[PDB]
Amino acid sequence: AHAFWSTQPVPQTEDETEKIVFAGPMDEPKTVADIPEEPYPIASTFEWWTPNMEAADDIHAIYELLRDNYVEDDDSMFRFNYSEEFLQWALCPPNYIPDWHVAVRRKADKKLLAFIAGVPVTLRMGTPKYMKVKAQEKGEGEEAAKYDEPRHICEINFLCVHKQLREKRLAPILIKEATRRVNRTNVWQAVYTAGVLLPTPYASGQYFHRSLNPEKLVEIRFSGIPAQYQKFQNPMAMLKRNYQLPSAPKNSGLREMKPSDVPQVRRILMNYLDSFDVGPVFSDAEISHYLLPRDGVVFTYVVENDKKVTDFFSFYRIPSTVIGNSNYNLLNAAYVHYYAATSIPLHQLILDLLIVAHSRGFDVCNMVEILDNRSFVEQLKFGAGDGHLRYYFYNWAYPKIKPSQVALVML
Ligand SMILES: CCCCCCCCCCCCCC(=O)SCCNC(=O)CCNC(=O)[C@H](O)C(C)(C)COP(=O)(O)OP(=O)(O)OC[C@H]1O[C@@H](n2cnc3c(N)ncnc32)[C@H](O)[C@@H]1OP(=O)(O)O
Ligand SMILES: CNCc1cc(-c2ccccc2)nn1C
């Protein structure tokens, strides 16, 4: 009972994905020549729009659609409020393709109704290690290695239909058109994540949260006071004590990342990431873009001892609209980004991320159990959340992998 997804080059059931042995495409080979020159048809009262992401008002129109219409919980307590500066950062990495940003406007008054974005990413997506072992056992080694080389693909994000236009089958149309525009650039795979179950994920991970401002979080009902705190005279005071953090970082020689750090950071990030089955490949220009501090958006610190960069961590800001509470309008969240540690334990490095995030006024720290995120959950007092992030490929058969074999952070 998937009227759109049953027509698409993706695995259809869990049953199917459990059979998948090698990495490779699902669909027949095509060329740009085969792909329609003309945009996908839509009703006369609508039009396709390619927004200019370097133009303030275009960014602003995207910003407003998402502020009022993007991801919210079922209870309508919190909705994502990605800033305009964030969207510019996310949608314009080095060598991005303007045409990959796809919008629907109604022809009359140019009111924004729908959006999807695609950005290029170089991604390793060859057969995972545990299946490459099985391939060596069966003498099927060449088939498994076929697609080992890093692939220049599309990363899809920010799919959004206006609340007044939900359940009108407009989302398939958006995906079709995005797929068209990407295929026209000779790109045949995409990667995307979603908090919902679609057919069919290659990886799934729980969310984890670390309270930095427990009193605000309880007030806005993001989290509750655990039942066991009731056996105390002052439950909230104990909760504040529990999550309290040092005012300053502990690691001597921690500082913000500068441009000269680019090659050192790239090197240690790539060494670390290459040990995961699925993970991005970053050039110098992409390390600069994604990791250099930008106020209100992305925050990156390095550990520098005796003039050498040995560790770094990064995190990014996504605030959420506090829909129901009157005293607060925003939930200020910090999301664990990329990192690498070579001189110290990971929990020691990430502690400073929590320290820094706290001193900057962040209410909470979020992450999915990808990378080695599980290694510091207990000691830094993260708790599992209710959501799961699922990871998906478009037009790529991939075996099931654990979330700790995923090295791609998605914004
Ligand atoms: C080569 C390059 C290829 C590029 C493309 C790669 C594919 C990338 C795919 C996009 C990656 C997105 C990554 C993110 O950004 S994840 C975030 C998605 N956005 C939100 O959750 C924001 C709030 N919601 C909305 O704006 C709408 O409810 C959306 C737009 C989500 C659906 O609109 P609406 O509620 O008006 O429904 P409809 O009648 O138009 O259409 C119903 C069809 O849509 C399927 N549906 C529902 N939710 C999702 C979802 N999150 N991903 C993919 N499909 C989804 C559903 O199964 C059904 O198909 P089928 O079951 O009948 O077959
Ligand atoms: C990776 N991008 C941020 C995000 C997170 C979620 C989400 C939604 C519901 C449950 C868990 C995660 N959706 N989106 C779009």
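The chain is numbered in sequence order, starting from 1.
Looking at heavy atoms from C-beta onward, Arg210 lies out of side-chain contact with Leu353 at the 4.5 angstrom threshold. Side-chain contact between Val303 and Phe312: absent, with no pair of heavy atoms (C-beta onward) separated by less than 4.5 Å. Inter-residue side-chain proximity for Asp68 and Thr321 is flagged as unmet; no heavy-atom pair is nearer than 4.5 Å. With contacts defined as side-chain heavy-atom distances shorter than 4.5 Å, the pair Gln405/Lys129 qualifies. Side-chain contact check for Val302 versus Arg255: some heavy-atom pair is nearer than 4.5 Å. Looking at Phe393 and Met26, their side chains never come closer than 4.5 Å, going by heavy atoms from C-beta outward.
The distance from atom CZ of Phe382 to atom CD1 of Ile350, rounded to the nearest 0.5 Å, is 7.5 Å. For the atom pair CZ of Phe208 and CG of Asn366, the computed distance is 11.5 Å after rounding to the nearest 0.5 Å. Here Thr7 contributes atom OG1 and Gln12 contributes atom CD; the two are 8.5 Å apart, rounded to the nearest 0.5 Å. In this structure, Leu66 CG and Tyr82 OH are separated by 9.0 Å, a value rounded to the nearest 0.5 Å.
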Practice item. Starting from the C-alpha separation in whole Å, work towards a yes-or-no answer on salt bridge (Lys or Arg N to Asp or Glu O under 4.0 Å) for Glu64 and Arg67. Key: CA-CA 5 Å; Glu64 276 184 329; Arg67 178 196 62 191; 3.8 Å; yes
**Study point:** Check against side chain to side chain contact (heavy atoms under 4.5 Å, CB included), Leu408 and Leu273
**Key:** CA-CA 9 Å; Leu408 182 71; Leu273 291 205; over 6 Å; no
Check your understanding: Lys30 and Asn183: side-chain hydrogen bond (donor to acceptor under 3.5 Å, both in side chains), yes or no, with the steps?
Key -> CA-CA 9 Å; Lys30 303 194 217 170; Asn183 291 161; 5.2 Å; no
Practice item. I would like to know whether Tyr339 and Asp311 meet side-chain hydrogen bond (donor to acceptor under 3.5 Å, both in side chains); could you show each step before the answer? Key: CA-CA 8 Å; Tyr339 58 75; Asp311 321 78; over 6 Å; no
Exercise for review: Could you give me the CA-CA distance, side-chain angles and deciding distance for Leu292 and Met257, then say whether side chain to side chain contact (heavy atoms under 4.5 Å, CB included) is met?
Suggested key: CA-CA 6 Å; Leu292 281 179; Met257 182 184 174; 4.0 Å; yes
Practice item. Please report the C-alpha distance between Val336 and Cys365 in whole Å, then the side-chain angles of each, then the deciding distance to 0.1 Å, and finally whether the side chain to side chain contact (heavy atoms under 4.5 Å, CB included) criterion is met. Key: CA-CA 7 Å; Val336 185; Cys365 183; 3.7 Å; yes
Practice item. Give the C-alpha distance, both sets of side-chain angles, the deciding distance and a yes or no for side-chain hydrogen bond (donor to acceptor under 3.5 Å, both in side chains) between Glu219 and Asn325. Key: CA-CA 8 Å; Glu219 202 154 345; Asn325 201 293; 5.4 Å; no
Practice item. Please step through side-chain hydrogen bond (donor to acceptor under 3.5 Å, both in side chains) for the pair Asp27 and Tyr394, ending with a clear verdict. Key: CA-CA 10 Å; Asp27 226 17; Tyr394 188 88; over 6 Å; no
Point to revise | Worked verdict on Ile153 versus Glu155 for side chain to side chain contact (heavy atoms under 4.5 Å, CB included) | key: CA-CA 7 Å; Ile153 68 165; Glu155 198 175 25; over 6 Å; no
Exercise for review: Could you give me the CA-CA distance, side-chain angles and deciding distance for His101 and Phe158, then say whether ring-ring contact (aromatic ring centres under 6.0 Å, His included) is met?
Suggested key: CA-CA 10 Å; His101 308 140; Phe158 302 114; 9.3 Å; no
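For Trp396 and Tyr147, the gap between ring centers is short of 6.0 Å. In this structure, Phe362 has its ring center closer than 6.0 angstrom to the ring center of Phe299.
Within the 3.5 Å criterion, the main-chain N or O of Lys132 finds no donor-acceptor partner in the side chain of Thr127. A distance-only check finds no donor-acceptor pair linking the side chain of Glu369 to the backbone of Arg374 [under 3.5 Å]. With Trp188 contributing its side chain and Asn186 its backbone, the two residues share a donor-acceptor pair below 3.5 Å. With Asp363 contributing its side chain and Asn332 its backbone, the two residues share a donor-acceptor pair below 3.5 Å. The backbone N or O of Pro201 lies less than 3.5 Å from a partner atom in the side chain of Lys400, making a donor-acceptor pair. Checking side-chain atoms of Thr200 against main-chain N and O of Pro11 turns up a donor-acceptor pair under 3.5 Å. Although no hydrogens or angles enter the test, the distance criterion places a donor-acceptor pair under 3.5 Å between the side chain of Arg390 and the main chain of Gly195. At distances below 3.5 Å, not a single donor-acceptor pair connects side-chain atoms of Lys216 with backbone N or O atoms of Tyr328. When atom types are taken as modelled, the side chain of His289 and the backbone of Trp89 share a donor-acceptor pair closer than 3.5 angstrom.
With respect to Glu72 and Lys163, a salt bridge is recorded, a charged nitrogen being found less than 4.0 Å from a carboxylate O. For the pair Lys134 and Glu137, the salt-bridge criterion is met [side-chain N within less than 4.0 Å of a carboxylate O]. Here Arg266 does not pair with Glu286 in a salt bridge; the nearest charged N to carboxylate O distance is not below 4.0 Å. Looking at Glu177 and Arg180, a side-chain N of the basic residue comes within less than 4.0 Å of a carboxylate O on the acidic one, giving a salt bridge.
Closest approach of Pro120 and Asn95 over heavy atoms only: CG-O, 3.5 Å. The minimum heavy-atom distance linking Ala178 with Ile116 is given by the pair CB-CG2, 4.0 Å. Residues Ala334 and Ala357 come closest through the heavy atom pair CB-CB, 4.2 Å. Residues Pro25 and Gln189 approach most closely at CB-NE2, 4.1 Å, considering heavy atoms. The nearest pair of heavy atoms linking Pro128 to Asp277 is CB-OD2, 3.3 Å. For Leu91 against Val119, the heavy-atom pair with the smallest separation is O-CG1, 3.6 Å.
With a 6.0 Å radius and a threshold of 12 heavy atoms from other residues, nucleotides or ligands, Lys250 has its NZ atom at or below the threshold. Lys110 NZ: more than 12 foreign heavy atoms inside a 6.0 Å radius. Heavy-atom contacts from other residues, nucleotides or ligands closer than 6.0 Å to CZ of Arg241 number 12 or fewer. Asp295 CG: 12 or fewer foreign heavy atoms inside a 6.0 Å radius. More than 12 heavy atoms of other residues, nucleotides or ligands sit less than 6.0 Å from atom CD of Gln230. Remark: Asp306 CG is loosely packed, at most 12 non-hydrogen atoms of other residues, nucleotides or ligands lying under 6.0 Å away. The environment of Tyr40 atom OH is sparse: at most 12 non-hydrogen atoms of other residues, nucleotides or ligands sit within 6.0 angstrom. Residue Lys111 places its NZ atom among more than 12 non-hydrogen atoms of other residues, nucleotides or ligands, all under 6.0 Å distant.
Put simply, the residue from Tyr392, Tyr192, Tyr398 that forms a ring-ring contact (aromatic ring centres under 6.0 Å, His included) with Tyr202 is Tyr398. A ring-ring contact (aromatic ring centres under 6.0 Å, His included) with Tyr338 is found for exactly one of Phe276, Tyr272, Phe282, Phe313, namely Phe282.
With hydrogens and angles left out, the side-chain atoms of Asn213 and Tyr243 include no donor and acceptor closer than 3.5 Å.
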